[PDB]
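S.K.: Going line by line, the protein sequences match chains l and A. To get PDB author numbering, take the position in the first sequence, counting from 1, and add 70. To get PDB author numbering, take the position in the second sequence, counting from 1, and add 204.
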Amino acid sequence: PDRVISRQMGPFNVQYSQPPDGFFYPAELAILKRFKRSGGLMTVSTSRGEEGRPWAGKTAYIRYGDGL
Amino acid sequence: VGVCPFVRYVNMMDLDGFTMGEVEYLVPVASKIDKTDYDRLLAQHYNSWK
Numbered sequence: 071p072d073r074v075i076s077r078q079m080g081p082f083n084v085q086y087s088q089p090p091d092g093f094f095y096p097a098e099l100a101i102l103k104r105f106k107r108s109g110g111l112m113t114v115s116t117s118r119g120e121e122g123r124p125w126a127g128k129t130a131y132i133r134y135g136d137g138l
Numbered sequence: 205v206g207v208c209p210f211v212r213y214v215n216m217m218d219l220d221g222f223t224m225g226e227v228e229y230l231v232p233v234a235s236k237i238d239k240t241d242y243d244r245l246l247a248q249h250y251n252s253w254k
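1. By the 7 Å beta-carbon criterion, what residues does the stretch 97-126 of chain l contribute toward chain A?
2. Quick one: is A:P232 near chain l, going by C-beta distance under 9 Å?
3. So that I know if they touch, is there some Cβ in chain l lying closer than 9 Å to that of A:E228?
4. Who are the neighbours of A:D238 on chain l, taking C-beta pairs under 8 Å?
5. Please state whether DSSP places l:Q88 in a helix, a strand or coil.
6. For the candidate residues l:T116, l:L99, l:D72 and l:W125, whose alpha-carbon lies nearest to that of l:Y86?
7. Can you find at least 3 beta carbon pairs, one from the stretch 127-136 of chain l and one from the stretch 217-235 of chain A, that sit closer than 8 Å?
8. So, helix, strand or coil for l:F105, using DSSP?
9. Can a CB atom of chain A be found closer than 9 Å to the CB of l:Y86?
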């Protein structure tokens, strides 16, 4: 739990490997992330703050004819 | 006068009755030009100097 690298009590010594950054090693992280689609690529859509009015220009339209 | 005293000046002759004017017919193109000019104005107001 304390992520030690070594311990030595009397004539007993043990050396550990480098602990993972969080809970999972990079291989375990890759295994966990296998459920992400498109190989982990994600896209964020951007905008310029402009609302957008596609109906503009068609507003001043008077119907002349039979009407269907 | 005998009839309604108004005579209509039609811009375009059409069998479907669409009285089309030169303004509302070309609105998208003029708006496109205005948008291009607006983009250029924004570019030179915000991204014109080092």
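C-beta atoms are modelled at their ideal positions from N, C-alpha and C, and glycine is treated no differently.
M.R.: From the atom records:
1. Here the close residues number zero.
2. A:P232 counts as touching chain l.
3. Taking CB atoms only, A:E228 has a neighbour in chain l less than 9 Å away.
4. The premise fails here: A:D238 is roughly 12 Å from chain l at the closest Cβ pair, so nothing lies under 8 Å.
5. In this structure, l:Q88 counts as coil in the three-state DSSP scheme.
6. Nearest to l:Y86 by alpha-carbon distance, out of l:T116, l:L99, l:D72 and l:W125, is l:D72.
7. Judged by Cβ distances under 8 Å, the stretch 127-136 of chain l makes contact with the stretch 217-235 of chain A, as three or more pairs qualify.
8. Look at l:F105 here: in three-state DSSP terms it is helix.
9. False, the Cβ-Cβ gap to chain A never drops below 9 Å.
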